[PDB]
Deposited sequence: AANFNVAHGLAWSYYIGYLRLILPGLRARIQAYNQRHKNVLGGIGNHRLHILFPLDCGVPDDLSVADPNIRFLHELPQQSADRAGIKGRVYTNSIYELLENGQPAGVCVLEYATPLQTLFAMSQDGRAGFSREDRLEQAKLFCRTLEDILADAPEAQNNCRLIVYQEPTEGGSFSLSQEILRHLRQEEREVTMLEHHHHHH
């Protein structure tokens, strides 16, 4: 196998990241809310929202994907006990008005798939690997209750500066989680 990379991407994304960061996430958010809620305001949704563009278009700045996605504040790492993990909180605008807040990022390994297709790895091949990556990761999560409860995959096919609104897509998911 030279380009069957999806199983390795899914297992490393879970074992080397989600498994490690998700258990401490709620306590980091509770610390943030204690620090900020009386001034900046607090975060109600305690899940990590993971953007999964099947076309592997992964800008490093979410506002490049959609100008209605605005960086709010860093979610700092937990203090070292007596590799660091930081995350980024974003607000989502609708009608030039704040409509949602959450912890939000892309599934970074989709960038590996993107880079591979830029130099015998097709874009046909890339989409099949992206889909296999997603399905393998969802299979793993479905077997991991607490990890599954502390994050949400947001999967979509669009290339993100056309008519598709990534902010609207995230907001639909946020409003669905409150359900």
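- Several segments of the deposited sequence have no coordinates for C-alpha: 1, 84-88, 126-128, 170, 190-201, numbered from the first residue.
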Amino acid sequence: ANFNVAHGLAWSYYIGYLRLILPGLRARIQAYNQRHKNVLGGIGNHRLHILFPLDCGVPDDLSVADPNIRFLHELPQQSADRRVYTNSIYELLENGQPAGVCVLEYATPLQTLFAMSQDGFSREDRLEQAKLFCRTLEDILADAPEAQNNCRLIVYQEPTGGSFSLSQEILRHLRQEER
From here on, numbers count along this sequence of modelled residues.
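Here, rigid core means the biggest group of C-alpha atoms that superpose within 1.5 Å across both forms.
- The segment moving more, judged by mean Cα distance from this form in 4 other deposited structures of this protein after a core overlay, is 83-91 among 104-112 and 83-91.
- Averaged over structures and residues, the CA distance from the shown form in 4 other deposited structures of this protein after a core fit is larger for 151-159, of the two stretches 151-159 and 164-172.
- Higher mean CA temperature factor between 33-41 and 58-66: 33-41, per the PDB entry.
- A summary of the deposited B-factors shows that, of 7-15 and 21-29, the stretch with the larger mean C-alpha value is 21-29.
- In this structure the maximum Cα B-factor among 133, 114, 121, 52 is found at 121.
- Residue-level temperature factors show residue 163 in the highest third of its chain, judged at the C-alpha atom.
- Annotation for residue 104: C-alpha temperature factor in the lowest third relative to the rest of the modelled chain, per the entry.
- When the modelled residues of the chain are ordered by their C-alpha B factor, residue 140 lands in the middle third.
- Remark: residue 94 belongs to the middle third of its chain, ranked by C-alpha B-factor as recorded.
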